[PDB]
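Engineer: Following this: a sequence and the matching experimental structure.
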Amino acid sequence: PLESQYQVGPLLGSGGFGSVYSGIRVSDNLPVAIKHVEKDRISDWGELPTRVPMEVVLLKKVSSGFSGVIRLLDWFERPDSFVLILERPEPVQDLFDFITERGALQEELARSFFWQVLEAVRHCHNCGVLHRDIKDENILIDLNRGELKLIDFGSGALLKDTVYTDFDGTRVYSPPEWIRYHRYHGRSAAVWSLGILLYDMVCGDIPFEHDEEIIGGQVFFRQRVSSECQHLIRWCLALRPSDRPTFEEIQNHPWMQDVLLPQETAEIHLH
Amino acid sequence: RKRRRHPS
Ligand SMILES: N#C[C@H](c1ccnc(NCCc2cccnc2)n1)c1nc2ccccc2s1
């Protein structure tokens, strides 16, 4: 049973995503996170290669190998909830709190972080998973290894090439075609959220709060940002989805060159 | 200026 395999520690967070606790796997003292989701709150259901929440399906699809995505270790069904056991980086801070405390990040640091988010999102898409809630709050930084982890697949979907008409991610990271038409395509919408993230990193906060700003097409820079970085941001936040870069184009952008290794990032910017 | 979290 769940209760004789994991020792439960403090609550790490709770909200729309459910309740997440720190834990330790009793057998080898491995650090884990234990996420609880109420059944009445699970909207999207899948079937496993058993009927489980879509989140479990998506996590299993991305859990193979080493990546910048959080790894599902196990899961349990209860009468009124599902419990997910995830790996837990330590020591860790989420990217939201990191930017709050440090302010606008040096571009070298934003380049390393953003590069790693790109690789993690490429991994997801390669595995047929669309995250749908890319934001600083959903990124953990392993402060010792300089490695980033994408968390909270609870808003995600199977990746398809047709239009999505549903969305329960974060509105301020959502693209103008969603705001205006309640329709988006997966990859192009992901690139928009990525531009919002990169702005957030180099400026200290997201560019837009209001629907009218999102749809407006104007990126005001509140911090000194290099012309190459401003250009990438603005390309990612092109109002027309087809004007947005592919993942390849992002990673081939001049601003993205000479990225730091994770360990160099940790040594220079985190230790 | 006020920075805030945003629920999903
Ligand atoms: N879903 C989900 C979440 C989640 C969603 C939204 N906000 C949070 N905030 C908690 C962030 C955090 C994580 C680790 C330590 N301290 C704080 N967490 C998390 N999943 C994991 C998985 C492994 C380790 C931590 C988390 S938090």
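Structural biologist: The structure has been received and is ready for your questions. Residues are numbered from 1 along each chain as shown, chains lettered A, B, ... in the order given.

Engineer: For the closest residue to the ligand within the stretch 151-271 of chain A, which residues are in contact?
Structural biologist: Using Cβ to the nearest ligand atom, the closest approach of the stretch 151-271 of chain A to the ligand is made by residue A:152 at 3.6 Å. Every C-beta, even on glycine, is put in place using the N, C-alpha and C of the backbone. Going by Cβ atoms under 8 Å, 6 or more residues apart in numbering or on different chains, residue A:152 touches A:17, A:133, A:137-138, B:8.

Engineer: Kindly reformat these as CSV containing neighbour count.
Structural biologist: Listed next are the contacts of residue A:152 as CSV, based on neighbours: other Cβ atoms under 10 Å in any protein chain shown:
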residue, neighbour count
A:17, 22
A:133, 24
A:137, 22
A:138, 26
B:8, 19
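
Engineer: The ligand next: which of those residues are close?
Structural biologist: Restricting those to those adjacent to the ligand (criterion: Cβ under 6 Å from any ligand atom) gives A:17, A:137.

Engineer: What spatial separation is found between the residue positioned nearest the centre of chain B and residue A:136?
Structural biologist: Compute the mean C-alpha point of chain B, and by Cα atoms, centre = their mean the closest residue is residue B:4, 2.1 Å away. Distance, residue B:4 to residue A:136, by Cβ to Cβ, to the nearest Å: 12 Å.

Engineer: again with residue A:237
Structural biologist: Per Cβ to Cβ, residue A:237 is found 16 Å from residue A:136.

Engineer: Same question for residue A:31.
Structural biologist: Counting by Cβ to Cβ - residue A:31 and residue A:136 are separated by 22 Å.

Engineer: do residue A:118 as well
Structural biologist: Taken as Cβ to Cβ, the span from residue A:118 to residue A:136 is 15 Å.

Engineer: repeat for residue A:249
Structural biologist: Residue A:249 sits 23 Å away from residue A:136, taking Cβ to Cβ as the criterion.

Engineer: More neighbours: these two, which one.
Structural biologist: Applying other Cβ atoms under 10 Å in any protein chain shown to residue A:249 and residue A:136 shows that residue A:136 carries more neighbours, namely 23 against 14.

Engineer: does the ligand sit close to the helix ranked longest in chain A?
Structural biologist: Longest helix in chain A, counting residues (DSSP state H): helix A:107-126. No: in terms of Cβ under 6 Å from any ligand atom, no part of helix A:107-126 sits within range of the ligand; the closest distance is 13.8 Å.

Engineer: Quick check on the nearest residue to residue B:8 once chain neighbours are set aside: phi, psi?
Structural biologist: Closest residue in space to residue B:8, ignoring its immediate chain neighbours: residue A:16 at 4.8 Å, by Cβ to Cβ, 6 or more residues apart in numbering or on different chains. Note on residue A:16: its backbone torsions stand at phi -60, psi -30 [degrees, to the nearest 10].
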